[PDB]
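Scroll down for the structure; my scribbles are underneath it.
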Amino acid sequence: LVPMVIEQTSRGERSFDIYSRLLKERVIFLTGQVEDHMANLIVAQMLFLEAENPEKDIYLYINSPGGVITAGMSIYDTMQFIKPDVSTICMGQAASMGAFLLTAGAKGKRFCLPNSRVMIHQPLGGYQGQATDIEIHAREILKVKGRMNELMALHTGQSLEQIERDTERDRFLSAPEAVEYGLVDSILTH
Amino acid sequence: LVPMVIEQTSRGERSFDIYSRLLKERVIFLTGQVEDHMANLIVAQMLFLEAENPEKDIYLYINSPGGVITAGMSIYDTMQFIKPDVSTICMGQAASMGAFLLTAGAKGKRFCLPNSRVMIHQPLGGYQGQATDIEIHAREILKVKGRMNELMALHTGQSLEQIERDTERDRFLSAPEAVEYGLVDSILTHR
Amino acid sequence: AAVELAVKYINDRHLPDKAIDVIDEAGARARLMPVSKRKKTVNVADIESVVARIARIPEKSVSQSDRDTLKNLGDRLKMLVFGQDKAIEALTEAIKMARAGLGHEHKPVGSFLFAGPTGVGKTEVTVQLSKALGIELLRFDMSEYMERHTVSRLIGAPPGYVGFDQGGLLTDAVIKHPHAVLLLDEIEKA
Ligand SMILES: Nc1ncnc2c1ncn2[C@@H]1O[C@H](COP(=O)(O)OP(=O)(O)O)[C@@H](O)[C@H]1O
């Protein structure tokens, strides 16, 4: 059960949930496998915060183990589109798609805790059926792999060759090593 | 869980859920597999917004992976019947039914994000029964495909023959390809 | 003139008495005003002045004697209040039509609503108009009058109170200052 927290206002006291109260402070949480419904909820929070203050930077925590790639793009595109700079704070496990959101964070505001784990890997999917159909799906996943790899090199700054090599197989990267790879700016001081 | 949000009104503060708050701004959300229940909620939102301001345009975000075709017609017919122009924005991906509703928006108000995907394929269905019954169902699904190809051609502007060839098998259209194909006017980057 | 001027302004008393009182007062005034061997005939100007004091009018409204004030009313206010000149032209025009006899017969001079951002000089132009025209400024904070019980104070007094000389707070305030600006703040809250 999510707890409720009273808020102090001059007119009168109000009651809000812990997650909703944090939203007033421009704090958006992310957790669990990425899903279409979960992504639209985060997107809704981003749009609402933008209208309230398009200048104040947003904070987005990430503790997801990865999920569908398509829904994750909806969050990425929105973050780039919205004027506020999202401050991605990796608080836990960050899979291929989870790590992608960290790189999408505005440069200079990306953060990762010292004991956080960030693993990257190529998109995983499959199809079964006629050979003609498999060809379409096979080509599509390869094209998607290029797009994610290309956008990974944009934020990280590493060459496509380097991104291809690390992402070809499952890779696990610690918090200090992430700074070297350019995935995150620097760890939180305090 | 749905986070609540607070809005300021002259008399007093107003608390609304995040989804309902966006409804006030004519922002509908089409997420998940299409169904008769979720579709009923979408048309309900459309009719409500029309009365508030039948001139202001509606915005229908599309992040659905496809669903039943029957429910889509309720949304498609509702979109065309109402005076307000519906703006369709493809978020993440748009399957055959989602793409149909996507292209169904008013000309000039159809958009796709640069990283969104668009899949289109002939309707999928199956009927197990006697030969006489299968005959009726086979004709109906083929008739349904005819009605979708004709309407897709109208909105997209492509010939029926081109849509039939492209829709015979599954095909994935990236965001820029959708503009060339005619599914959307342009990418949503500036406004 | 006296009979018509008294019917429109002096509504507390009845028609025969009010007309006779201004006629008797006008004659007596004409006796004290001159030192010796002055004009015998009583001009309407004198009649207008006596009715004004009875009604508590400042003697300027009766006839447009101070036309110069209206000529520079807009310019005087425009210099004191920098910006929103469009607002000032509307208030001045309303004052001119009424003083020229083209105002509403049974309605206030001008009913106006200022819809603008908080902090802009909405009240400022109102205060400068009162000071410039030489008329009392009645400021009422509607935020106080947000409950049903508070509304009764405007028209009436608390139950059990005679309130013969106080009555309402709005009703009696205009009696003391018939020609005065009435400003209501945060009317929406009302
Ligand atoms: N256009 C203006 N010119 C000069 N002073 C102004 C102007 N607008 C606002 N001010 C000043 O701002 C303060 C608040 O003005 P006021 O009319 O009481 O605001 P509001 O209409 O929001 O209640 C005062 O000091 C007033 O003199």
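A search for C-beta distances below 7 Å between a residue of the stretch C:142-162 that is closer than 18 Å to C:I187 by Cβ and any residue that is among the β-branched types (V, I, T), counting only pairs 6+ apart in sequence or on different chains, returns C:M142/C:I187; C:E144/C:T150; C:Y145/C:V151; C:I155/C:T171. Applying the condition of being under 16 Å from the mean Cα position of the chain (by Cα) and among the hydrophobic types (A, V, I, L, M, F, W, C) to the stretch B:112-141 and asking which residue is nearest to the other protein chains (Cβ to nearest Cβ) yields B:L113.
State whether one or more residues within the stretch A:138-150 are in contact (Cβ under 8 Å) with a residue 40 or more places away in the chain and either crowded, with 17+ Cβ neighbours inside 10 Å or part of a helix (DSSP H, G or I) (or both). Yes, some residue in the stretch A:138-150 is in contact (Cβ under 8 Å) with a residue 40 or more places away in the chain and either crowded, with 17+ Cβ neighbours inside 10 Å or part of a helix (DSSP H, G or I) (or both). Residue count for the stretch B:2-40, restricted to those that are at the interface with another protein chain (Cβ under 10 Å from one of its Cβ atoms), assigned to a loop (DSSP other than H, G, I, E, B) and over 25 Å from the mean Cα position of the chain (by Cα): 6.
Being of a type in the set (V, I, T), within 14 Å of another protein chain (Cβ to nearest Cβ) and within 16 Å of the ligand (Cβ to nearest atom) is the requirement here; does C:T123 meet it?
Working: of a type in the set (V, I, T): yes; within 14 Å of another protein chain (Cβ to nearest Cβ): no; within 16 Å of the ligand (Cβ to nearest atom): yes.
Criteria not met by C:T123.
Yes or no: the stretch C:126-134 includes at least one residue that is more than 19 Å from the chain's Cα centre (by Cα) and away from the ligand (no atom under 16 Å from the Cβ). No - not one qualifying residue is present in the stretch C:126-134. Checking each residue in the stretch C:90-120 for being within 16 Å of the ligand (Cβ to nearest atom) and farther than 18 Å from C:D66 by Cα picks out C:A90, C:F112, C:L113, C:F114, C:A115, C:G116, C:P117, C:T118, C:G119, C:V120. Of the residues C:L183, C:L138, the single one that is within 16 Å of the ligand (Cβ to nearest atom), touching a residue at least 60 places away in the same chain (Cβ under 8 Å), farther than 22 Å from C:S63 by Cα and in contact with a helix residue (DSSP H, G or I) (Cβ under 9 Å, 6 or more places away or on another chain) is C:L183.
Of all residues being under 30 Å from A:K145 (Cα atoms) and not polar (S, T, N, Q) in the stretch B:142-170, which is farthest from the other protein chains (Cβ to nearest Cβ)? Just the residue, please. For the stretch B:142-170, the residue satisfying everything is B:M152.
Cβ atoms come from the backbone with ideal geometry, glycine included; neighbour counts cover every protein chain shown. Values in this text are rule-based calculations from the coordinates and carry no lab data.
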